[PDB]
Amino acid sequence: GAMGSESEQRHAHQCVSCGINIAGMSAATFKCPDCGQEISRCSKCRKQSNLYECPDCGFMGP
């Protein structure tokens, strides 16, 4: 019937805190120990590092 969106994927790299346009930029690139998805955190995120959350698997962490 209706096509699923989850089935499809995109390369939209944005900040985990807000959503800065740091796609393919020199931002904080790390692999989530939960899923392993490439997480890009802008410089500003450095301050929010105290408490982040993986936007991929909705994994809320410190």
# chains A, B, ... in the order shown; residues from 1 in each chain; ligands from 1
$ residues_around --residues "residue 17 (chain A)" --least-positions-apart "6" --cutoff "9 Å" --atoms "only C-alpha atoms" --output "PDB file with N, CA and C atoms, in the first residue's frame"
ATOM      1  N   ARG A  41      29.034  16.547  14.894  1.00  0.00           N
ATOM      2  CA  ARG A  41      28.728  17.573  15.882  1.00  0.00           C
ATOM      3  C   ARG A  41      29.524  18.847  15.610  1.00  0.00           C
ATOM      4  N   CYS A  42      28.813  19.946  15.388  1.00  0.00           N
ATOM      5  CA  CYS A  42      29.454  21.228  15.114  1.00  0.00           C
ATOM      6  C   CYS A  42      30.281  21.690  16.309  1.00  0.00           C
ATOM      7  N   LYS A  44      30.088  24.278  18.107  1.00  0.00           N
ATOM      8  CA  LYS A  44      29.210  24.719  19.184  1.00  0.00           C
ATOM      9  C   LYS A  44      28.792  23.545  20.063  1.00  0.00           C
ATOM     10  N   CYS A  45      28.607  22.385  19.443  1.00  0.00           N
ATOM     11  CA  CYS A  45      28.208  21.185  20.170  1.00  0.00           C
ATOM     12  C   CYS A  45      29.194  20.875  21.291  1.00  0.00           C
ATOM     13  N   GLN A  48      27.681  21.543  24.373  1.00  0.00           N
ATOM     14  CA  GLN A  48      26.564  20.655  24.674  1.00  0.00           C
ATOM     15  C   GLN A  48      27.045  19.220  24.860  1.00  0.00           C
ATOM     16  N   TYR A  52      24.568  14.805  25.201  1.00  0.00           N
ATOM     17  CA  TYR A  52      24.187  14.664  23.800  1.00  0.00           C
ATOM     18  C   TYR A  52      23.186  13.527  23.619  1.00  0.00           C
ATOM     19  N   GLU A  53      22.752  13.321  22.380  1.00  0.00           N
ATOM     20  CA  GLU A  53      21.792  12.267  22.072  1.00  0.00           C
ATOM     21  C   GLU A  53      21.863  11.881  20.597  1.00  0.00           C
ATOM     22  N   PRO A  55      20.896  11.137  17.238  1.00  0.00           N
ATOM     23  CA  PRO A  55      19.684  11.375  16.448  1.00  0.00           C
ATOM     24  C   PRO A  55      19.337  10.192  15.550  1.00  0.00           C
TER      25      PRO A  55
END
$ residues_around --residues "residue 28 (chain A)" --least-positions-apart "3" --cutoff "10 Å" --atoms "only C-alpha atoms" --output "list in words"
residues 15, 22, 25, 38, 39, 40, 41, 42, 43, 45 and 46 of chain A
$ closest_residue --among "A:7, A:2, A:56, A:13" --to "residue 29 (chain A)" --atoms "only C-alpha atoms"
A:13
$ atom_distance --atom1 "CA of residue 50 (chain A)" --atom2 "CA of residue 23 (chain A)"
22.6 Å
$ select_by_dssp --residues "chain A" --states "helix (DSSP H, G or I)" --output "short mmCIF file (atom, residue, chain, number, x, y, z; two decimals) with C-alpha atoms, in the first residue's frame"
data_model
loop_
_atom_site.label_atom_id
_atom_site.label_comp_id
_atom_site.auth_asym_id
_atom_site.auth_seq_id
_atom_site.Cartn_x
_atom_site.Cartn_y
_atom_site.Cartn_z
CA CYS A 45 28.21 21.18 20.17
CA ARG A 46 31.47 21.11 22.13
CA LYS A 47 29.59 22.95 24.88
CA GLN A 48 26.56 20.66 24.67
#
$ atom_distance --atom1 "CA of residue 10 (chain A)" --atom2 "CA of residue 51 (chain A)"
25.5 Å
$ decode --residues "region 34-59 of chain A" --atoms "N, CA and C atoms" --output "PDB file, in the first residue's frame"
ATOM      1  N   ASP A  34      26.190   2.413  19.909  1.00  0.00           N
ATOM      2  CA  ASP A  34      24.885   1.762  19.924  1.00  0.00           C
ATOM      3  C   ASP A  34      24.551   1.186  18.551  1.00  0.00           C
ATOM      4  N   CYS A  35      24.634   2.027  17.526  1.00  0.00           N
ATOM      5  CA  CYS A  35      24.338   1.602  16.162  1.00  0.00           C
ATOM      6  C   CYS A  35      25.594   1.634  15.298  1.00  0.00           C
ATOM      7  N   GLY A  36      26.358   2.716  15.413  1.00  0.00           N
ATOM      8  CA  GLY A  36      27.576   2.850  14.635  1.00  0.00           C
ATOM      9  C   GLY A  36      27.424   3.826  13.484  1.00  0.00           C
ATOM     10  N   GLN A  37      26.444   4.717  13.592  1.00  0.00           N
ATOM     11  CA  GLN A  37      26.195   5.707  12.551  1.00  0.00           C
ATOM     12  C   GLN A  37      27.115   6.912  12.714  1.00  0.00           C
ATOM     13  N   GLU A  38      27.541   7.483  11.591  1.00  0.00           N
ATOM     14  CA  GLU A  38      28.425   8.642  11.611  1.00  0.00           C
ATOM     15  C   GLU A  38      27.709   9.863  12.181  1.00  0.00           C
ATOM     16  N   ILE A  39      28.158  10.312  13.348  1.00  0.00           N
ATOM     17  CA  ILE A  39      27.561  11.472  13.999  1.00  0.00           C
ATOM     18  C   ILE A  39      28.434  12.711  13.826  1.00  0.00           C
ATOM     19  N   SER A  40      27.843  13.774  13.290  1.00  0.00           N
ATOM     20  CA  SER A  40      28.568  15.020  13.070  1.00  0.00           C
ATOM     21  C   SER A  40      28.111  16.095  14.051  1.00  0.00           C
ATOM     22  N   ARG A  41      29.034  16.547  14.894  1.00  0.00           N
ATOM     23  CA  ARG A  41      28.728  17.573  15.882  1.00  0.00           C
ATOM     24  C   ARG A  41      29.524  18.847  15.610  1.00  0.00           C
ATOM     25  N   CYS A  42      28.813  19.946  15.388  1.00  0.00           N
ATOM     26  CA  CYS A  42      29.454  21.228  15.114  1.00  0.00           C
ATOM     27  C   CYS A  42      30.281  21.690  16.309  1.00  0.00           C
ATOM     28  N   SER A  43      31.163  22.657  16.074  1.00  0.00           N
ATOM     29  CA  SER A  43      32.018  23.183  17.130  1.00  0.00           C
ATOM     30  C   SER A  43      31.194  23.581  18.350  1.00  0.00           C
ATOM     31  N   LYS A  44      30.088  24.278  18.107  1.00  0.00           N
ATOM     32  CA  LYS A  44      29.210  24.719  19.184  1.00  0.00           C
ATOM     33  C   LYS A  44      28.792  23.545  20.063  1.00  0.00           C
ATOM     34  N   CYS A  45      28.607  22.385  19.443  1.00  0.00           N
ATOM     35  CA  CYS A  45      28.208  21.185  20.170  1.00  0.00           C
ATOM     36  C   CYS A  45      29.194  20.875  21.291  1.00  0.00           C
ATOM     37  N   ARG A  46      30.429  21.339  21.131  1.00  0.00           N
ATOM     38  CA  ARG A  46      31.467  21.109  22.128  1.00  0.00           C
ATOM     39  C   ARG A  46      30.968  21.465  23.525  1.00  0.00           C
ATOM     40  N   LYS A  47      30.142  22.503  23.606  1.00  0.00           N
ATOM     41  CA  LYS A  47      29.592  22.947  24.881  1.00  0.00           C
ATOM     42  C   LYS A  47      28.460  22.031  25.333  1.00  0.00           C
ATOM     43  N   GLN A  48      27.681  21.543  24.373  1.00  0.00           N
ATOM     44  CA  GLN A  48      26.564  20.655  24.674  1.00  0.00           C
ATOM     45  C   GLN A  48      27.045  19.220  24.860  1.00  0.00           C
ATOM     46  N   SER A  49      28.351  19.016  24.724  1.00  0.00           N
ATOM     47  CA  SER A  49      28.937  17.689  24.873  1.00  0.00           C
ATOM     48  C   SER A  49      28.559  17.076  26.219  1.00  0.00           C
ATOM     49  N   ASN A  50      28.360  17.932  27.216  1.00  0.00           N
ATOM     50  CA  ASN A  50      27.994  17.476  28.552  1.00  0.00           C
ATOM     51  C   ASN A  50      26.794  16.537  28.497  1.00  0.00           C
ATOM     52  N   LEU A  51      25.928  16.748  27.513  1.00  0.00           N
ATOM     53  CA  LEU A  51      24.739  15.919  27.348  1.00  0.00           C
ATOM     54  C   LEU A  51      24.284  15.904  25.892  1.00  0.00           C
ATOM     55  N   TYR A  52      24.568  14.805  25.201  1.00  0.00           N
ATOM     56  CA  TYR A  52      24.187  14.664  23.800  1.00  0.00           C
ATOM     57  C   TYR A  52      23.186  13.527  23.619  1.00  0.00           C
ATOM     58  N   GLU A  53      22.752  13.321  22.380  1.00  0.00           N
ATOM     59  CA  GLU A  53      21.792  12.267  22.072  1.00  0.00           C
ATOM     60  C   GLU A  53      21.863  11.881  20.597  1.00  0.00           C
ATOM     61  N   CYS A  54      22.177  10.617  20.336  1.00  0.00           N
ATOM     62  CA  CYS A  54      22.278  10.122  18.968  1.00  0.00           C
ATOM     63  C   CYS A  54      20.942  10.249  18.244  1.00  0.00           C
ATOM     64  N   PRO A  55      20.896  11.137  17.238  1.00  0.00           N
ATOM     65  CA  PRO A  55      19.684  11.375  16.448  1.00  0.00           C
ATOM     66  C   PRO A  55      19.337  10.192  15.550  1.00  0.00           C
ATOM     67  N   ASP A  56      20.260   9.243  15.446  1.00  0.00           N
ATOM     68  CA  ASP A  56      20.051   8.060  14.619  1.00  0.00           C
ATOM     69  C   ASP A  56      19.216   7.020  15.362  1.00  0.00           C
ATOM     70  N   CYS A  57      19.698   6.605  16.528  1.00  0.00           N
ATOM     71  CA  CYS A  57      18.997   5.613  17.334  1.00  0.00           C
ATOM     72  C   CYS A  57      18.413   6.248  18.592  1.00  0.00           C
ATOM     73  N   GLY A  58      18.197   7.559  18.541  1.00  0.00           N
ATOM     74  CA  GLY A  58      17.645   8.266  19.682  1.00  0.00           C
ATOM     75  C   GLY A  58      18.281   7.840  20.990  1.00  0.00           C
ATOM     76  N   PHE A  59      19.601   7.678  20.979  1.00  0.00           N
ATOM     77  CA  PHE A  59      20.330   7.268  22.173  1.00  0.00           C
ATOM     78  C   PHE A  59      20.809   8.484  22.962  1.00  0.00           C
TER      79      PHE A  59
END
